Amino acid sequence: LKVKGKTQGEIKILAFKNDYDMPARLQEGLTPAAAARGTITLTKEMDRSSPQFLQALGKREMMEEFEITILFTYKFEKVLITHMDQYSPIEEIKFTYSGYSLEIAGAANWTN
Amino acid sequence: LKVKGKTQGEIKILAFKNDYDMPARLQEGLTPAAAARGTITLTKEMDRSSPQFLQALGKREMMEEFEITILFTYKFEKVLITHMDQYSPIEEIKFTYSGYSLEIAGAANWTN
Amino acid sequence: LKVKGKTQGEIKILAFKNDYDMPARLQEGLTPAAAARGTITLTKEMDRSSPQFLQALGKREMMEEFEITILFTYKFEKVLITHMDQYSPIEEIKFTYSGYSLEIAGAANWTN
Amino acid sequence: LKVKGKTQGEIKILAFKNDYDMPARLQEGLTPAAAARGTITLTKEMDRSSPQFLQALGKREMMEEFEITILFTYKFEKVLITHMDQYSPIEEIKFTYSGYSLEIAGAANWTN
Amino acid sequence: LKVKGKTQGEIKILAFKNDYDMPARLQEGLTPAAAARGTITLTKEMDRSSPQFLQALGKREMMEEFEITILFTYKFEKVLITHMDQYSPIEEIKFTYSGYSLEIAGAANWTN
Amino acid sequence: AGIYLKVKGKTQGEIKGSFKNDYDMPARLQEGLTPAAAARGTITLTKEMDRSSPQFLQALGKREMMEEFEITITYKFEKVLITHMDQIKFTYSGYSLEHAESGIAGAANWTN
Amino acid sequence: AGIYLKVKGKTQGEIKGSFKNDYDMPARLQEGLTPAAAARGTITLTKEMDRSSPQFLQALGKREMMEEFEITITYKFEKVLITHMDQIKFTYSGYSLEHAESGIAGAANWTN
Amino acid sequence: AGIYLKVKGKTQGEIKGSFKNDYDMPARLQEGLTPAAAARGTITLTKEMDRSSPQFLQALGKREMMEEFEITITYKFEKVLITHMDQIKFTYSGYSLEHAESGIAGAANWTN
Amino acid sequence: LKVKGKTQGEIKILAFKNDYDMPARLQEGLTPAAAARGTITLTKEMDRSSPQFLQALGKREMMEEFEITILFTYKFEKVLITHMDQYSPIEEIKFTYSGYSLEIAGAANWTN
Amino acid sequence: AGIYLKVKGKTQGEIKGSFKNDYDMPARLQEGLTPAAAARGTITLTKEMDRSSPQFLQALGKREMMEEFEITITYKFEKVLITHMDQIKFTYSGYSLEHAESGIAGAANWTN
Amino acid sequence: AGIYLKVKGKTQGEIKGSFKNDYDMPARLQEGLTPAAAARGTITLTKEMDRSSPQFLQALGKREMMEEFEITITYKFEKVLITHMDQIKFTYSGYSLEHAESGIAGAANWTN
Amino acid sequence: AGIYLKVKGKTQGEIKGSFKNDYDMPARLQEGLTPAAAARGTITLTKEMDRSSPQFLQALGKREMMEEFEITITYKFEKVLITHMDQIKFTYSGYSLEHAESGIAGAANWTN
């Protein structure tokens, strides 16, 4: 994960479960992006970014860069932290996104 | 899986769970196809088609050919990717279809 | 299973889970049959009848004979295939019925 | 189980799970019996009574005697079969009742 | 459990799971007690009190004393039996209460 | 019904009439071993609790054999011994099941 | 009730009155072995925590035997020893269960 | 269909026509061991209960082999022996599966 | 846990699962805090604070200090106990909060 | 509270104040074996992560014993050793639990 | 796609193009043991059933090795042997995975 | 972030920056055994798949050790060896975790 917040700037352990959903029946006049839901859930331990992600989650801070190499592979736009579980004997950060790219390279709802 | 997109053309690991449902009570004036839901879920690893399927899923790209040999057996029409889970220690691609053929050979809602 | 379709005629591996439900409170003016739901779910492998059952399921083809010996025991009327899951390392065919007979011999909503 | 139907007369393997529920808040003007739900679920194999219970279930036949010794202990009134699952490698018959007696001896909504 | 019914008087095996819930958002004009739900579930075998609790459950009989020592610790007011599961190879009696005391000693919605 | 149950001392009066049948046979028979000694038959009965409970529980600890064991639904079992009770699992030798309708009976290691 | 519990030193005062009963007997009795030594009786009690908790937890570590063990519901147990506590599983020898109504009692390996 | 089932004494009449197929082969073959002896084939059939139940249950205890074993869906099995029945798991040697459409058949350890 | 009630003052075993949720779509005119839900669930045994937390839960007593060191790390404002499960062979206290701080140090909806 | 935790070198400063208690005693005591050596006490603590995490994780690998171990809720433990941590399971010898109210304490294998 | 699959006799025609990849390496390598012999690679493929099913099932019983094994998504596998099929789990030696985009390939125990 | 990962030949370029940490220590240390040899440390990383996948999968089969292993969240690990990958479980010796805020680090079996 290379991650940078709108506010907190750059934030410094292998996530990750990528979930994407699209209804078979598209609402009349609805954009595919609005009908779809993209969510990637990252699991990792707890350290210096934990308070940074937890602040972003409560303040609705946008991720300025969200790039997952798996220079990378997954790149996500309009990233918003939507859920987090911190616990003990790990945390699980669930992100919501709009545009995405996987690298043949695929991309949808991307923005220049 | 022999697969080809409307847009991406031909896309290059053993799925697969075929689910089909039909309500016992058919709505007055409703076609059996509209009441039914056909879904096949394919599990496979992750490689050159992964970004291709993931782009199709976000762009609502129609599969032009969807043929599962199991020259084949399962052939599906109006194929639309409706869901996908990519994760680690695989992905799971869930397709929605209208017409279908299994090969005695059976076929319903097929189109020339 | 000795099975014959309305259309496909006779169709050629030990199912089976029989489920039947009846509400304690019967709606005013409602027939017991309409309040009840009879469902038998058969699990078996996949072969020459698989496409035949899968076609019946999509075309809403009525089973003309549905007799389960367990010359038999279970016999079912107005049989309609309502669900099917085909998968790998089997299929599961879920039938809906009205009249039934088990053989003391019991029978309800049967028709000559 | 000593059991006798309204219609089938006397019917000839250790059930049994007794479930009874009562809401803490009783509806204004509602009798405790109407708010409550008594259900006993009997599991047993499959034999001469199986078609008899299965006929009762579809025909809404009232049990004339329902006495479970565990000369007995559990005795139930207004017994109606509400659910049944027959299956293989057993059946499970779920009864609904009004009045009941367990034997100190307890009894509620009983009738002479 | 030292227990005495409103009606059955005194009733003669280590429960017990105490559950209490309170919504974070309190309805305007609502008392905390009415928003909350207190439930203690006792598991024990089956014997002379079994028919006594089962009668109380069907007759909505109030427990006059409900004291759980764990001279005791848990004491509960306005105790009403709300659920019970009797079964075999135990019963589970689920009580609902208003006032409570645990013994530092805590107490809420108690009454002299 | 449930079970008609008589005991080889003593006595038999558990209230009448009062399940999961398991039978195993190794695929390879030990050289010189009779199938009966190689096989294992156990029927597990579920029920609530009363007058038979202490009678079953005394039998289990005293290694008291049954003398009649028939659970009609008809099953009949020989050399029945209680091997486990969570408050009932019986172990048997000879066995007979007989269906209805038909009068077909299967039986093995039965004794004159 | 719960348990009336006295201890063989020391003492007995855990507040009165304060479960899953398991008993096992191997189908084949070791040659020359008494059933009591071959069998295993354990009753597992669930409860909250107070004045008896340290008393139970001290007994478990000190291998302190009980002297009265009766959990009335009536069960009575001899040579009761605490073998496991996740904050309670007792192991016993002799046992008696007695039902109500009736006055029927089963008992094995009881001692004068 | 279900199964056409004939038995090597006696007899064959379980009502016709009446599943999970498992086959295992260790990756490393024991030196001097034939694959057939190293492998294990078992097909587990689920079904309700009737005229074949006592016939299957008698066969299982008597170590009665089958002589025809074909479950058409076509599967055919040799040296079929019932090894387990929870009221059916068969163990086999030779096997053949044949698909439709096509006429393709796979077969191993089959016998003339 | 260093904890102090509004009323009970200071209250005297390693929780803890921190859950925080934020909807991707923020209601028009809604503050992020009102859309979000912060919940931390602490598991611990049962002792002198148990009645104190249980009283707070029923009386809707505000925690004046809620500081979890893991001088600390987690600090929570407007803490309200919303749920509790006390049981046996532990309790689980579920808190709801507004402002929070984890220590880089993150903080949201905090108040001087 | 959580835990007050001091360590036998070094040091003790994990921020204060910072669970599932398991204790087992075999029913049969090995001849000549002291109960303490036969028994096993382990308390499993769940918590998030901070300044104590590296301190706990260093202790676990260095086989560093604790010198104060008290988790107040009061539990006190001797010879405390960390045996497992999934990012905490401690193993102990002597133990004391003390309830409130009352001042009742149980204790075993405690040391002067 | 699925798999392109050729077999070392005979033959290869299972319809093209037709999963969970597991690889294990003990942390401590046996003295004098090559990693390949110490490791275990198995890929489990899920799919429906047709013309390849009898071909896979014949291969599994005949210990028929594959000669081409490539599942493109690209995976390529050597010494592929079917070890288990519930109606497919393959065991392999050499392996290659190659990603897209990039042209990066990892490979071990591959053979010229 | 994820992981910064360098390898001891060859090479290191899996795209940067790219989990469940388990550590076990037996309560009783084998006589003459160093804690490090008695303990077992494994961190399990979950992630999607790309350029590092073949690099991780080649390393696992070739018993290729890592030379930098740091997963920042900061964890640092020595003698890191891949032991299992379902398409990642690493085994390590020395370890360091360092929290933020604070600058507190725990470390064991680290090497100069």
# chains A, B, ... in the order shown; residues from 1 in each chain; ligands from 1

call {"tool": "calpha_fit_and_write", "arguments": {"fixed": "chain G", "moving": "chain L", "output": "compact mmCIF listing (two decimals) with N, CA and C atoms, in the first residue's frame"}}
result
# COMPACT_ATOMS: atom_id res chain seq x y z
N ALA L 1 -34.23 -24.87 41.34
CA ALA L 1 -33.15 -24.07 41.89
C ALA L 1 -31.84 -24.31 41.16
N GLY L 2 -30.74 -23.96 41.83
CA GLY L 2 -29.41 -24.14 41.28
C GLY L 2 -28.73 -25.33 41.93
N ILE L 3 -27.68 -25.07 42.70
CA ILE L 3 -27.00 -26.12 43.47
C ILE L 3 -26.98 -25.83 44.96
N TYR L 4 -27.23 -26.85 45.77
CA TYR L 4 -26.80 -26.83 47.17
C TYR L 4 -25.47 -27.55 47.24
N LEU L 5 -24.45 -26.83 47.70
CA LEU L 5 -23.08 -27.29 47.56
C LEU L 5 -22.28 -27.13 48.85
N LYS L 6 -21.91 -28.27 49.41
CA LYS L 6 -21.06 -28.36 50.59
C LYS L 6 -19.73 -29.01 50.19
N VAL L 7 -18.64 -28.63 50.85
CA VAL L 7 -17.30 -29.07 50.45
C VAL L 7 -16.55 -29.76 51.61
N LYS L 8 -15.74 -30.75 51.27
CA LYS L 8 -15.06 -31.59 52.27
C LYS L 8 -13.80 -30.97 52.86
N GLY L 9 -13.83 -29.66 53.06
CA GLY L 9 -12.73 -28.97 53.72
C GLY L 9 -11.90 -28.10 52.80
N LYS L 10 -12.26 -26.82 52.67
CA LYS L 10 -13.34 -26.20 53.43
C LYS L 10 -13.88 -25.01 52.60
N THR L 11 -15.10 -24.52 52.85
CA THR L 11 -16.05 -25.11 53.80
C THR L 11 -17.37 -25.57 53.20
N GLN L 12 -18.18 -24.62 52.72
CA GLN L 12 -19.51 -24.89 52.16
C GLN L 12 -20.35 -23.65 51.83
N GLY L 13 -19.91 -22.48 52.27
CA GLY L 13 -20.74 -21.30 52.15
C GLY L 13 -20.67 -20.47 50.89
N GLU L 14 -21.07 -21.05 49.76
CA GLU L 14 -21.07 -20.31 48.50
C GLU L 14 -22.39 -19.61 48.16
N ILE L 15 -23.22 -19.36 49.16
CA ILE L 15 -24.55 -18.81 48.92
C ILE L 15 -25.48 -19.80 48.23
N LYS L 16 -26.60 -20.13 48.88
CA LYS L 16 -27.54 -21.12 48.33
C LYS L 16 -28.94 -20.54 48.14
N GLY L 17 -29.66 -21.00 47.12
CA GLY L 17 -29.17 -21.99 46.17
C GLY L 17 -28.57 -21.36 44.93
N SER L 18 -27.43 -21.90 44.49
CA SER L 18 -26.69 -21.28 43.41
C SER L 18 -27.25 -21.66 42.05
N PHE L 19 -26.38 -25.97 32.82
CA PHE L 19 -25.84 -27.28 33.16
C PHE L 19 -25.98 -28.28 32.01
N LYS L 20 -24.92 -29.05 31.75
CA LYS L 20 -24.97 -30.15 30.78
C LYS L 20 -24.41 -31.45 31.34
N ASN L 21 -25.28 -32.43 31.57
CA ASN L 21 -24.86 -33.72 32.13
C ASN L 21 -24.46 -34.75 31.08
N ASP L 22 -23.20 -35.16 31.14
CA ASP L 22 -22.63 -36.14 30.22
C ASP L 22 -22.19 -37.41 30.92
N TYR L 23 -22.63 -38.55 30.41
CA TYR L 23 -22.18 -39.83 30.95
C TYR L 23 -21.86 -40.80 29.82
N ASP L 24 -20.71 -41.45 29.92
CA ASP L 24 -20.25 -42.35 28.86
C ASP L 24 -19.85 -43.72 29.39
N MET L 25 -20.24 -44.75 28.64
CA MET L 25 -19.87 -46.12 28.96
C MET L 25 -19.46 -46.82 27.67
N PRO L 26 -18.18 -47.23 27.59
CA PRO L 26 -17.70 -47.97 26.42
C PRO L 26 -18.57 -49.19 26.16
N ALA L 27 -18.83 -49.51 24.90
CA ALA L 27 -19.70 -50.63 24.60
C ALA L 27 -19.08 -51.95 25.03
N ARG L 28 -17.77 -52.07 24.86
CA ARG L 28 -17.05 -53.27 25.29
C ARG L 28 -16.34 -52.99 26.61
N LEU L 29 -16.67 -53.77 27.63
CA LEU L 29 -16.06 -53.60 28.94
C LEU L 29 -14.75 -54.36 29.00
N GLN L 30 -13.67 -53.65 29.30
CA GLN L 30 -12.37 -54.27 29.54
C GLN L 30 -12.50 -55.46 30.48
N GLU L 31 -11.83 -56.56 30.15
CA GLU L 31 -11.87 -57.76 30.97
C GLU L 31 -11.37 -57.49 32.39
N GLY L 32 -12.21 -57.79 33.37
CA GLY L 32 -11.88 -57.59 34.77
C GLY L 32 -12.06 -56.17 35.28
N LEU L 33 -12.58 -55.30 34.42
CA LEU L 33 -12.81 -53.91 34.79
C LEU L 33 -14.24 -53.67 35.26
N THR L 34 -14.38 -52.96 36.38
CA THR L 34 -15.68 -52.57 36.88
C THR L 34 -16.21 -51.42 36.02
N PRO L 35 -17.51 -51.45 35.70
CA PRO L 35 -18.18 -50.42 34.90
C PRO L 35 -17.87 -49.00 35.36
N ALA L 36 -17.82 -48.79 36.67
CA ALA L 36 -17.53 -47.48 37.22
C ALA L 36 -16.17 -46.93 36.78
N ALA L 37 -15.17 -47.80 36.72
CA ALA L 37 -13.84 -47.37 36.31
C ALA L 37 -13.77 -47.15 34.81
N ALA L 38 -14.61 -47.87 34.08
CA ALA L 38 -14.69 -47.76 32.62
C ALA L 38 -15.49 -46.55 32.17
N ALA L 39 -16.45 -46.14 32.99
CA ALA L 39 -17.35 -45.06 32.62
C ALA L 39 -16.77 -43.70 32.97
N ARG L 40 -17.37 -42.64 32.42
CA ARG L 40 -16.98 -41.29 32.81
C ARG L 40 -18.19 -40.38 32.92
N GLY L 41 -18.41 -39.85 34.13
CA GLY L 41 -19.49 -38.92 34.36
C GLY L 41 -18.98 -37.52 34.65
N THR L 42 -19.48 -36.56 33.89
CA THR L 42 -19.12 -35.16 34.06
C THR L 42 -20.35 -34.28 33.87
N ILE L 43 -20.59 -33.37 34.81
CA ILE L 43 -21.65 -32.38 34.62
C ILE L 43 -21.04 -30.99 34.51
N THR L 44 -21.42 -30.28 33.44
CA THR L 44 -20.86 -28.96 33.17
C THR L 44 -21.90 -27.92 33.52
N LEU L 45 -21.56 -27.04 34.46
CA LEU L 45 -22.48 -26.02 34.95
C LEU L 45 -22.09 -24.66 34.40
N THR L 46 -23.05 -23.91 33.86
CA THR L 46 -22.77 -22.52 33.48
C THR L 46 -23.43 -21.56 34.47
N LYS L 47 -22.75 -20.46 34.80
CA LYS L 47 -23.30 -19.47 35.74
C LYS L 47 -22.50 -18.17 35.64
N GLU L 48 -22.99 -17.07 36.22
CA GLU L 48 -22.19 -15.84 36.25
C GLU L 48 -21.09 -15.95 37.31
N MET L 49 -20.72 -14.86 37.97
CA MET L 49 -19.62 -14.93 38.95
C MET L 49 -19.80 -14.08 40.23
N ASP L 50 -19.51 -14.71 41.37
CA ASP L 50 -19.49 -14.08 42.70
C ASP L 50 -18.71 -14.83 43.74
N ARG L 51 -19.32 -14.88 44.92
CA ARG L 51 -18.73 -15.41 46.14
C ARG L 51 -18.34 -16.87 46.05
N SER L 52 -18.85 -17.56 45.04
CA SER L 52 -18.59 -18.98 44.89
C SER L 52 -17.48 -19.19 43.88
N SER L 53 -17.36 -18.23 42.98
CA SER L 53 -16.31 -18.25 41.98
C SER L 53 -14.92 -18.47 42.57
N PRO L 54 -14.51 -17.67 43.58
CA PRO L 54 -13.18 -17.93 44.12
C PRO L 54 -13.15 -19.23 44.88
N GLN L 55 -14.31 -19.59 45.42
CA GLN L 55 -14.47 -20.82 46.17
C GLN L 55 -14.43 -22.02 45.23
N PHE L 56 -15.05 -21.90 44.06
CA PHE L 56 -14.91 -22.95 43.06
C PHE L 56 -13.51 -23.02 42.49
N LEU L 57 -12.92 -21.85 42.25
CA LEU L 57 -11.60 -21.78 41.62
C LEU L 57 -10.50 -22.23 42.58
N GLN L 58 -10.68 -22.00 43.88
CA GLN L 58 -9.74 -22.53 44.87
C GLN L 58 -9.86 -24.04 44.99
N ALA L 59 -11.09 -24.55 44.94
CA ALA L 59 -11.34 -25.98 45.02
C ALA L 59 -10.72 -26.75 43.86
N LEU L 60 -10.81 -26.17 42.67
CA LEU L 60 -10.30 -26.78 41.45
C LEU L 60 -8.78 -26.95 41.47
N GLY L 61 -8.08 -25.95 41.98
CA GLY L 61 -6.63 -26.00 42.07
C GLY L 61 -6.11 -26.82 43.25
N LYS L 62 -6.91 -26.89 44.31
CA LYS L 62 -6.50 -27.60 45.52
C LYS L 62 -6.97 -29.06 45.52
N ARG L 63 -7.64 -29.46 44.44
CA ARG L 63 -8.21 -30.81 44.30
C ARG L 63 -9.11 -31.13 45.48
N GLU L 64 -9.83 -30.11 45.90
CA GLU L 64 -10.80 -30.17 46.97
C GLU L 64 -12.08 -30.87 46.52
N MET L 65 -12.44 -31.96 47.18
CA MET L 65 -13.66 -32.66 46.82
C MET L 65 -14.87 -31.98 47.42
N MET L 66 -16.02 -32.17 46.78
CA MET L 66 -17.28 -31.75 47.36
C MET L 66 -17.76 -32.82 48.34
N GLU L 67 -18.67 -32.44 49.23
CA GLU L 67 -19.28 -33.41 50.15
C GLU L 67 -20.81 -33.44 49.98
N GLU L 68 -21.41 -32.31 49.65
CA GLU L 68 -22.78 -32.31 49.13
C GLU L 68 -22.75 -31.76 47.73
N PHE L 69 -23.37 -32.48 46.80
CA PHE L 69 -23.51 -31.95 45.46
C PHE L 69 -24.89 -32.30 44.93
N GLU L 70 -25.83 -31.37 45.04
CA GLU L 70 -27.17 -31.64 44.53
C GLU L 70 -27.66 -30.46 43.70
N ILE L 71 -28.00 -30.72 42.44
CA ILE L 71 -28.51 -29.64 41.61
C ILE L 71 -29.97 -30.02 41.34
N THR L 72 -30.87 -29.23 41.93
CA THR L 72 -32.30 -29.49 41.88
C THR L 72 -33.01 -28.59 40.87
N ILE L 73 -34.01 -29.17 40.22
CA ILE L 73 -34.53 -28.66 38.97
C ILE L 73 -36.03 -28.92 38.97
N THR L 74 -34.43 -34.41 40.97
CA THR L 74 -33.25 -33.83 41.59
C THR L 74 -32.00 -34.68 41.36
N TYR L 75 -30.92 -34.00 40.98
CA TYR L 75 -29.62 -34.64 40.85
C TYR L 75 -28.83 -34.65 42.14
N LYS L 76 -28.21 -35.78 42.43
CA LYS L 76 -27.24 -35.84 43.51
C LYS L 76 -26.04 -36.64 43.03
N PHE L 77 -24.85 -36.16 43.39
CA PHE L 77 -23.59 -36.69 42.86
C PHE L 77 -22.56 -36.97 43.96
N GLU L 78 -21.82 -38.07 43.83
CA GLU L 78 -20.78 -38.41 44.81
C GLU L 78 -19.37 -38.31 44.22
N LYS L 79 -18.36 -38.21 45.09
CA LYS L 79 -16.97 -38.02 44.70
C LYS L 79 -16.85 -36.93 43.65
N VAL L 80 -17.45 -35.78 43.92
CA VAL L 80 -17.46 -34.70 42.94
C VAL L 80 -16.15 -33.94 43.01
N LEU L 81 -15.50 -33.81 41.86
CA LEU L 81 -14.23 -33.12 41.76
C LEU L 81 -14.28 -32.15 40.58
N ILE L 82 -13.84 -30.92 40.79
CA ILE L 82 -13.80 -29.94 39.70
C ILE L 82 -12.61 -30.24 38.81
N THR L 83 -12.85 -30.37 37.52
CA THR L 83 -11.78 -30.75 36.61
C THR L 83 -11.48 -29.66 35.60
N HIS L 84 -12.43 -28.76 35.39
CA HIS L 84 -12.20 -27.68 34.43
C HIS L 84 -13.10 -26.46 34.66
N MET L 85 -12.50 -25.27 34.58
CA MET L 85 -13.25 -24.02 34.71
C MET L 85 -12.76 -22.95 33.73
N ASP L 86 -13.60 -22.61 32.76
CA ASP L 86 -13.39 -21.41 31.95
C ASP L 86 -14.23 -20.30 32.52
N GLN L 87 -13.60 -19.29 33.11
CA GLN L 87 -14.35 -18.14 33.59
C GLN L 87 -14.26 -17.05 32.55
N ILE L 88 -18.37 -24.51 34.66
CA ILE L 88 -17.60 -25.32 35.58
C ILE L 88 -17.92 -26.79 35.33
N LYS L 89 -16.88 -27.57 35.06
CA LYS L 89 -17.04 -28.98 34.74
C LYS L 89 -16.62 -29.86 35.92
N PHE L 90 -17.58 -30.58 36.48
CA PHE L 90 -17.33 -31.48 37.61
C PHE L 90 -17.24 -32.92 37.14
N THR L 91 -16.40 -33.71 37.80
CA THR L 91 -16.34 -35.15 37.54
C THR L 91 -16.85 -35.87 38.77
N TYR L 92 -17.66 -36.91 38.56
CA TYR L 92 -18.30 -37.60 39.68
C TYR L 92 -18.24 -39.12 39.54
N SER L 93 -18.59 -39.82 40.61
CA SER L 93 -18.68 -41.27 40.60
C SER L 93 -20.13 -41.73 40.69
N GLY L 94 -20.65 -41.81 41.91
CA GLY L 94 -22.04 -42.16 42.11
C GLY L 94 -22.97 -41.04 41.68
N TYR L 95 -24.19 -41.39 41.31
CA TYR L 95 -25.16 -40.41 40.85
C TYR L 95 -26.61 -40.84 41.10
N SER L 96 -27.48 -39.86 41.28
CA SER L 96 -28.91 -40.12 41.40
C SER L 96 -29.71 -39.00 40.76
N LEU L 97 -30.65 -39.39 39.91
CA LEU L 97 -31.64 -38.47 39.36
C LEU L 97 -33.03 -38.92 39.78
N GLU L 98 -33.88 -37.97 40.17
CA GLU L 98 -35.20 -38.32 40.65
C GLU L 98 -36.21 -37.34 40.05
N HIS L 99 -37.26 -37.88 39.42
CA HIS L 99 -38.18 -37.07 38.62
C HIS L 99 -39.42 -36.59 39.37
N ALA L 100 -40.06 -35.56 38.82
CA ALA L 100 -41.33 -35.09 39.37
C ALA L 100 -42.30 -34.58 38.29
N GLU L 101 -43.57 -35.00 38.36
CA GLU L 101 -44.01 -36.01 39.31
C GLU L 101 -43.51 -37.40 39.00
N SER L 102 -44.07 -38.32 39.79
CA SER L 102 -43.52 -39.62 40.13
C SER L 102 -42.55 -39.40 41.27
N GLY L 103 -41.96 -40.49 41.73
CA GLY L 103 -40.92 -40.42 42.74
C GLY L 103 -39.83 -41.36 42.29
N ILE L 104 -39.76 -41.54 40.98
CA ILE L 104 -38.86 -42.52 40.40
C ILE L 104 -37.43 -42.02 40.39
N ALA L 105 -36.54 -42.85 40.91
CA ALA L 105 -35.14 -42.51 41.01
C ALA L 105 -34.29 -43.59 40.39
N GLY L 106 -33.30 -43.18 39.61
CA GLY L 106 -32.31 -44.10 39.11
C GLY L 106 -31.03 -43.76 39.85
N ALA L 107 -30.20 -44.77 40.08
CA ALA L 107 -28.97 -44.55 40.83
C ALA L 107 -27.96 -45.64 40.54
N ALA L 108 -26.70 -45.24 40.40
CA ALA L 108 -25.63 -46.19 40.17
C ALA L 108 -24.35 -45.79 40.87
N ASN L 109 -23.57 -46.79 41.28
CA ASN L 109 -22.34 -46.59 42.03
C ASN L 109 -22.52 -45.62 43.20
N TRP L 110 -23.72 -45.63 43.77
CA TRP L 110 -24.01 -44.81 44.94
C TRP L 110 -23.33 -45.49 46.11
N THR L 111 -23.13 -44.76 47.20
CA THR L 111 -22.39 -45.32 48.32
C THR L 111 -23.10 -45.00 49.63
N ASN L 112 -23.10 -45.99 50.52
CA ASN L 112 -23.86 -45.97 51.76
C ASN L 112 -23.50 -44.80 52.67

call {"tool": "interface_residues", "arguments": {"of": "chain C", "to": "chain D", "cutoff": "7 Å", "atoms": "only C-alpha atoms", "output": "number ranges by chain"}}
result
C: 16-24, 32, 102-108

call {"tool": "atom_distance", "arguments": {"atom1": "atom CA of residue C:109", "atom2": "atom CA of residue D:39"}}
result
25.2 Å

call {"tool": "select_by_dssp", "arguments": {"residues": "chain C", "states": "helix (DSSP H, G or I)", "output": "PyMOL selection string"}}
result
chain C and resi 32-35+50-59

call {"tool": "write_last_selection", "arguments": {"atoms": "N, CA and C atoms", "output": "compact mmCIF listing (two decimals), in the first residue's frame"}}
result
# COMPACT_ATOMS: atom_id res chain seq x y z
N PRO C 32 -56.15 -25.37 2.11
CA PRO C 32 -54.92 -25.88 2.73
C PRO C 32 -53.77 -26.04 1.73
N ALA C 33 -54.08 -26.50 0.53
CA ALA C 33 -53.06 -26.66 -0.50
C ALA C 33 -52.38 -25.34 -0.88
N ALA C 34 -53.15 -24.26 -0.95
CA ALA C 34 -52.61 -22.97 -1.36
C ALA C 34 -51.76 -22.37 -0.25
N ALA C 35 -52.07 -22.71 1.00
CA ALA C 35 -51.31 -22.22 2.14
C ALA C 35 -50.02 -23.00 2.30
N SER C 50 -29.39 -34.20 -16.89
CA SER C 50 -28.97 -32.87 -16.48
C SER C 50 -29.40 -31.79 -17.47
N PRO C 51 -29.14 -31.97 -18.78
CA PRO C 51 -29.62 -30.91 -19.68
C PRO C 51 -31.14 -30.92 -19.80
N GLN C 52 -31.72 -32.10 -19.58
CA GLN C 52 -33.16 -32.29 -19.67
C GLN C 52 -33.91 -31.64 -18.52
N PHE C 53 -33.38 -31.78 -17.31
CA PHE C 53 -33.94 -31.09 -16.16
C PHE C 53 -33.68 -29.59 -16.25
N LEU C 54 -32.51 -29.21 -16.76
CA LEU C 54 -32.12 -27.80 -16.86
C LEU C 54 -32.96 -27.06 -17.91
N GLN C 55 -33.35 -27.77 -18.97
CA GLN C 55 -34.28 -27.23 -19.96
C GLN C 55 -35.69 -27.10 -19.39
N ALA C 56 -36.10 -28.09 -18.61
CA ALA C 56 -37.41 -28.08 -17.99
C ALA C 56 -37.53 -26.91 -17.04
N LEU C 57 -36.45 -26.66 -16.31
CA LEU C 57 -36.40 -25.60 -15.32
C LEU C 57 -36.56 -24.22 -15.97
N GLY C 58 -35.91 -24.01 -17.11
CA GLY C 58 -36.01 -22.74 -17.80
C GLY C 58 -37.28 -22.56 -18.61
N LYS C 59 -37.82 -23.67 -19.11
CA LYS C 59 -39.04 -23.62 -19.92
C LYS C 59 -40.32 -23.83 -19.12

call {"tool": "select_by_dssp", "arguments": {"residues": "chain F", "states": "strand (DSSP E)", "output": "PyMOL selection string"}}
result
chain F and resi 3-7+20-24+40-44+66-71+75-77+81-86+89-92+95-98+105-108

call {"tool": "atom_distance", "arguments": {"atom1": "atom CA of residue I:65", "atom2": "atom CA of residue E:101"}}
result
24.1 Å

call {"tool": "atom_distance", "arguments": {"atom1": "atom CA of residue B:40", "atom2": "atom CA of residue A:99"}}
result
26.0 Å
